[PDB]
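Just work19.csv here, CSV, C-alpha atoms:
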```
chain,number,residue,atom,x,y,z
A,1,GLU,CA,-12.7,-11.4,11.1
A,2,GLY,CA,-15.4,-8.7,11.0
A,3,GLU,CA,-15.3,-5.9,8.5
A,4,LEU,CA,-14.9,-3.0,11.0
A,5,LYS,CA,-12.1,-4.6,13.0
A,6,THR,CA,-10.3,-5.3,9.6
A,7,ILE,CA,-10.7,-1.7,8.4
A,8,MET,CA,-9.7,-0.1,11.7
A,9,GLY,CA,-6.6,-2.3,11.9
A,10,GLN,CA,-5.8,-1.2,8.4
A,11,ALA,CA,-6.3,2.5,9.3
A,12,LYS,CA,-3.3,2.3,11.7
A,13,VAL,CA,-1.0,1.2,8.9
A,14,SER,CA,-2.4,4.0,6.7
A,15,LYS,CA,-1.5,6.5,9.5
A,16,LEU,CA,1.9,4.8,9.6
A,17,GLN,CA,2.3,5.6,5.9
A,18,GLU,CA,1.2,9.1,6.4
A,19,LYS,CA,3.7,9.7,9.2
A,20,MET,CA,6.5,8.3,7.0
A,21,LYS,CA,5.5,10.7,4.2
A,22,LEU,CA,5.8,13.7,6.5
A,23,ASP,CA,9.1,12.6,8.2
A,24,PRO,CA,11.9,14.4,6.4
A,25,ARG,CA,14.2,11.3,6.6
A,26,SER,CA,14.1,8.9,3.8
A,27,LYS,CA,16.1,6.1,5.6
A,28,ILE,CA,15.6,5.2,9.2
A,29,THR,CA,16.5,2.3,11.5
A,30,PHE,CA,14.1,-0.5,12.0
A,31,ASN,CA,14.1,0.5,15.7
A,32,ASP,CA,13.0,4.0,14.7
A,33,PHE,CA,10.3,2.5,12.4
A,34,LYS,CA,9.1,0.3,15.3
A,35,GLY,CA,8.7,3.5,17.3
A,36,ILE,CA,6.8,5.5,14.7
A,37,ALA,CA,4.5,2.5,14.3
A,38,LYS,CA,3.9,2.4,18.1
A,39,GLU,CA,2.9,6.1,17.9
A,40,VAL,CA,-0.1,5.1,15.7
A,41,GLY,CA,-1.1,2.2,17.8
A,42,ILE,CA,0.7,-0.7,16.1
A,43,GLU,CA,2.3,-2.8,18.7
A,44,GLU,CA,5.7,-4.6,18.6
A,45,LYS,CA,3.8,-7.9,18.3
A,46,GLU,CA,2.4,-6.8,14.9
A,47,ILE,CA,5.4,-5.0,13.6
A,48,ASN,CA,6.9,-7.9,11.6
A,49,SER,CA,3.6,-8.5,9.8
A,50,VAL,CA,3.1,-4.9,9.1
A,51,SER,CA,6.6,-4.4,7.8
A,52,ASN,CA,6.3,-7.5,5.5
A,53,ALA,CA,3.0,-6.2,4.1
A,54,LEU,CA,4.5,-2.7,3.5
A,55,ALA,CA,7.5,-4.2,1.8
A,56,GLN,CA,5.4,-6.5,-0.5
A,57,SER,CA,3.2,-3.5,-1.2
A,58,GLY,CA,6.3,-1.5,-2.4
A,59,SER,CA,5.6,1.1,0.3
A,60,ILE,CA,9.0,0.6,2.1
A,61,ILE,CA,12.2,-1.1,1.3
A,62,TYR,CA,13.4,-3.3,4.2
A,63,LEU,CA,15.9,-6.0,3.7
A,64,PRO,CA,16.5,-7.7,7.1
A,65,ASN,CA,18.4,-10.7,5.6
A,66,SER,CA,20.9,-8.5,3.6
A,67,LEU,CA,24.6,-9.1,4.4
A,68,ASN,CA,25.2,-5.3,4.3
A,69,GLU,CA,25.1,-3.7,7.7
A,70,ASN,CA,23.6,-0.6,6.5
A,71,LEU,CA,20.7,-2.3,4.7
A,72,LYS,CA,20.0,-5.0,7.3
A,73,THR,CA,18.7,-2.5,9.9
A,74,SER,CA,17.4,0.2,7.6
A,75,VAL,CA,13.9,1.1,6.4
A,76,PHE,CA,13.7,3.1,3.2
A,77,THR,CA,10.5,5.1,3.8
A,78,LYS,CA,10.2,6.8,0.3
A,79,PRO,CA,11.2,4.0,-2.0
A,80,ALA,CA,9.6,5.4,-5.2
A,81,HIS,CA,12.6,7.4,-6.0
A,82,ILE,CA,14.8,4.3,-5.5
A,83,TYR,CA,12.6,2.3,-7.9
A,84,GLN,CA,12.7,5.0,-10.6
A,85,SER,CA,16.4,5.6,-10.2
A,86,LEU,CA,17.2,1.9,-10.4
A,87,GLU,CA,15.2,1.3,-13.6
A,88,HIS,CA,16.9,4.3,-15.2
A,89,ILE,CA,20.5,3.6,-14.4
A,90,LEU,CA,20.1,-0.2,-15.2
A,91,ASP,CA,17.9,0.6,-18.3
A,92,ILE,CA,15.1,-1.8,-17.4
B,1,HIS,CA,15.7,-13.9,0.8
B,2,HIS,CA,19.5,-13.7,1.3
B,3,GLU,CA,21.3,-12.0,-1.6
B,4,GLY,CA,18.1,-11.0,-3.5
B,5,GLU,CA,18.2,-7.3,-2.7
B,6,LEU,CA,18.1,-6.2,-6.4
B,7,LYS,CA,15.4,-8.8,-7.3
B,8,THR,CA,13.3,-7.9,-4.3
B,9,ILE,CA,13.5,-4.1,-5.0
B,10,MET,CA,12.5,-4.4,-8.6
B,11,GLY,CA,9.6,-6.8,-7.9
B,12,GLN,CA,8.4,-4.3,-5.3
B,13,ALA,CA,8.6,-1.6,-8.0
B,14,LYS,CA,5.7,-3.2,-9.9
B,15,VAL,CA,3.4,-2.9,-6.9
B,16,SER,CA,4.5,0.6,-6.3
B,17,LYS,CA,3.5,1.5,-9.8
B,18,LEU,CA,0.1,-0.2,-9.1
B,19,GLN,CA,-0.4,2.2,-6.1
B,20,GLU,CA,0.6,5.0,-8.4
B,21,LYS,CA,-2.0,4.0,-11.0
B,22,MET,CA,-4.7,3.8,-8.3
B,23,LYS,CA,-3.8,7.2,-6.9
B,24,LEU,CA,-4.2,8.7,-10.4
B,25,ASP,CA,-7.4,6.9,-11.3
B,26,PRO,CA,-10.4,9.1,-10.5
B,27,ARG,CA,-12.5,6.2,-9.3
B,28,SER,CA,-12.4,5.5,-5.6
B,29,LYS,CA,-14.2,2.1,-5.9
B,30,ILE,CA,-13.6,-0.5,-8.5
B,31,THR,CA,-14.5,-4.2,-8.9
B,32,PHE,CA,-11.9,-6.8,-8.1
B,33,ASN,CA,-11.8,-7.7,-11.9
B,34,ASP,CA,-10.9,-4.0,-12.7
B,35,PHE,CA,-8.3,-4.1,-10.0
B,36,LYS,CA,-6.8,-7.3,-11.6
B,37,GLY,CA,-6.7,-5.5,-14.9
B,38,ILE,CA,-4.8,-2.5,-13.5
B,39,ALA,CA,-2.3,-4.9,-11.8
B,40,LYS,CA,-1.7,-6.8,-15.0
B,41,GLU,CA,-1.1,-3.4,-16.8
B,42,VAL,CA,2.0,-2.9,-14.5
B,43,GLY,CA,3.2,-6.5,-15.1
B,44,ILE,CA,1.8,-8.3,-12.1
B,45,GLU,CA,0.9,-11.8,-13.1
B,46,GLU,CA,-2.5,-13.4,-12.3
B,47,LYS,CA,-0.6,-15.9,-10.1
B,48,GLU,CA,0.7,-13.2,-7.7
B,49,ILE,CA,-2.5,-11.0,-7.6
B,50,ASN,CA,-4.0,-12.5,-4.5
B,51,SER,CA,-0.7,-12.1,-2.6
B,52,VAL,CA,-0.4,-8.5,-3.9
B,53,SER,CA,-4.0,-7.7,-3.0
B,54,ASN,CA,-3.4,-9.1,0.5
B,55,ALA,CA,-0.3,-7.0,1.1
B,56,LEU,CA,-2.0,-3.9,-0.1
B,57,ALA,CA,-5.0,-4.4,2.2
B,58,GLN,CA,-2.8,-5.2,5.2
B,59,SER,CA,-0.7,-2.0,4.5
B,60,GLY,CA,-3.9,0.0,4.4
B,61,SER,CA,-3.6,1.0,0.7
B,62,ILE,CA,-6.8,-0.6,-0.4
B,63,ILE,CA,-9.9,-2.0,1.4
B,64,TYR,CA,-10.7,-5.4,-0.1
B,65,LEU,CA,-13.1,-7.6,1.9
B,66,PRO,CA,-13.6,-10.9,0.0
B,67,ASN,CA,-14.9,-12.7,3.1
B,68,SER,CA,-17.7,-10.2,3.6
B,69,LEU,CA,-21.3,-11.4,3.2
B,70,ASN,CA,-22.4,-8.1,1.6
B,71,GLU,CA,-22.2,-8.9,-2.0
B,72,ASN,CA,-21.0,-5.4,-3.0
B,73,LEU,CA,-18.2,-5.3,-0.5
B,74,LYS,CA,-17.1,-8.9,-1.3
B,75,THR,CA,-16.3,-8.0,-5.0
B,76,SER,CA,-15.2,-4.4,-4.5
B,77,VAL,CA,-11.8,-2.7,-4.0
B,78,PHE,CA,-11.6,0.7,-2.4
B,79,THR,CA,-8.6,2.4,-4.0
B,80,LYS,CA,-8.5,5.5,-1.9
B,81,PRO,CA,-9.4,4.1,1.6
B,82,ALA,CA,-8.0,7.0,3.6
B,83,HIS,CA,-11.3,8.9,3.3
B,84,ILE,CA,-13.1,5.8,4.6
B,85,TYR,CA,-10.7,5.4,7.6
B,86,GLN,CA,-11.2,9.0,8.5
B,87,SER,CA,-15.0,9.0,8.1
B,88,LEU,CA,-15.4,5.9,10.2
B,89,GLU,CA,-13.3,7.3,13.0
B,90,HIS,CA,-15.4,10.5,12.7
B,91,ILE,CA,-18.9,9.1,12.7
B,92,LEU,CA,-18.2,6.4,15.3
B,93,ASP,CA,-15.8,8.5,17.4
B,94,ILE,CA,-13.1,5.8,17.7
```
I'd like the structure from this file rewritten - as structure tokens, please.
Amino acid sequence: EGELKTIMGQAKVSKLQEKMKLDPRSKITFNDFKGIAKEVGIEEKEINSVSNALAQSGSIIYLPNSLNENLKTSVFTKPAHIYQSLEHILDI
Amino acid sequence: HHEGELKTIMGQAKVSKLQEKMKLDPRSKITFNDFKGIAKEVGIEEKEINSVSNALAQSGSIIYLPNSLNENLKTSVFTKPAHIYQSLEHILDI
């Protein structure tokens, strides 16, 4: 509702992005992503909404509906390389 | 979406390039119309801009407050909001 609450809620998701940049892993379980998010004050009640906003923003790749077991539970935290590689090998 | 992994990823790649453009742009505050222009430069249609701008705000990549009553905030996009987050926590100690 109010501007400050909005900005401060958003700041947590920015700190989430910061932590994922510094983590050396590029692929983590959703359970691990949940835990990093908790570290910056994002509760489990908000995690589905935050993951959907990060996926639509292009900031993570997360494919919970995939039939592949690997992809279904995995969060790609540095997707930029994946986007670039895909456009190159498929010549988009 | 079941079975749309490749379609999902490449649609996301457009918004990723939009965040790239905004990191490289030296401006830290632009109008929403300028933002729309930049998004269309990476191939994001007018029809998806409101959903893209919502996902970017919720992920903390922009500040965009269309419901504000301050006319300037209402039509402005903050493209490097990390400095604002940090400053706000600093000056209000929260």
For segment 74-88 of chain A: contacts at 7 Å, only C-alpha atoms, fewer than 6 positions along chain excluded, given as a VMD selection string: (chain A and resid 20 26 to 30 59 to 62) or (chain B and resid 10 13)
Each residue of chain A lying at most 9 Å from segment 42-54 of chain B should get a row with its shortest atom-to-atom pair and the distance in Å to one decimal, counting all atoms listed in the file; could you produce that, ordered by chain and increasing number, as JSON lines?
```
{"residue": "A:53", "atom": "CA", "partner": "B:54", "partner_atom": "CA", "distance": 7.9}
{"residue": "A:56", "atom": "CA", "partner": "B:52", "partner_atom": "CA", "distance": 7.0}
{"residue": "A:57", "atom": "CA", "partner": "B:52", "partner_atom": "CA", "distance": 6.7}
```
Spatial neighbours of residue 37 of chain A, 9 Å, all atoms listed in the file, chain gap at least 6 places, as a PyMOL selection string: chain A and resi 12-13+15-16+19+43-44+47
For residue 22 of chain A, the nearest of the candidates A:90, A:63, A:36, A:71, counting all atoms listed in the file: A:36
Would you tabulate, counting all atoms listed in the file, all residues of chain B that have an atom at most 8 Å from an atom of chain A, showing the closest pair of atoms and their distance in Å to one decimal, sorted by chain then ascending number, as a tab-separated table?
```
residue	atom	partner	partner_atom	distance
B:1	CA	A:65	CA	6.4
B:2	CA	A:65	CA	5.4
B:3	CA	A:66	CA	6.3
B:5	CA	A:63	CA	6.9
B:9	CA	A:83	CA	7.1
B:10	CA	A:83	CA	6.7
B:12	CA	A:58	CA	4.5
B:13	CA	A:83	CA	5.6
B:14	CA	A:58	CA	7.7
B:15	CA	A:58	CA	5.5
B:16	CA	A:58	CA	4.8
B:52	CA	A:57	CA	6.7
B:54	CA	A:53	CA	7.9
B:55	CA	A:53	CA	4.5
B:56	CA	A:57	CA	5.3
B:57	CA	A:10	CA	7.0
B:58	CA	A:10	CA	5.9
B:59	CA	A:54	CA	5.3
B:60	CA	A:10	CA	4.6
B:61	CA	A:14	CA	6.8
B:63	CA	A:7	CA	7.1
B:65	CA	A:3	CA	7.2
B:68	CA	A:3	CA	6.9
B:82	CA	A:14	CA	7.1
B:85	CA	A:11	CA	5.5
```
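With atom CA of residue 27 of chain B on one side and atom CA of residue 39 of chain B on the other, the separation reads 15.3 Å.
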Which of B:24, B:91, B:6, B:62 sits closest to residue 79 of chain B [using all atoms listed in the file]: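 Looking only at the distances to residue 79 of chain B, the closest residue turns out to be B:62.
Using all atoms listed in the file, the smallest distance between any of B:86, B:75, B:8, B:19 and residue 38 of chain B comes from B:19.
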Interatomic distance, atom CA of residue 25 of chain B to atom CA of residue 80 of chain B (Å, one decimal):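 Computed distance, atom CA of residue 25 of chain B to atom CA of residue 80 of chain B, equals 9.6 Å.
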For residue 78 of chain B, the nearest of the candidates B:29, B:23, B:7, B:17, counting all atoms listed in the file: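 Nearest to residue 78 of chain B: B:29.
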Gap from atom CA of residue 34 of chain B to atom CA of residue 87 of chain B - Å, one decimal: 24.9 Å
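For the choices B:92, B:83, B:69, B:64, the atom-to-atom distance to residue 30 of chain B is smallest for B:64 when using only C-alpha atoms.
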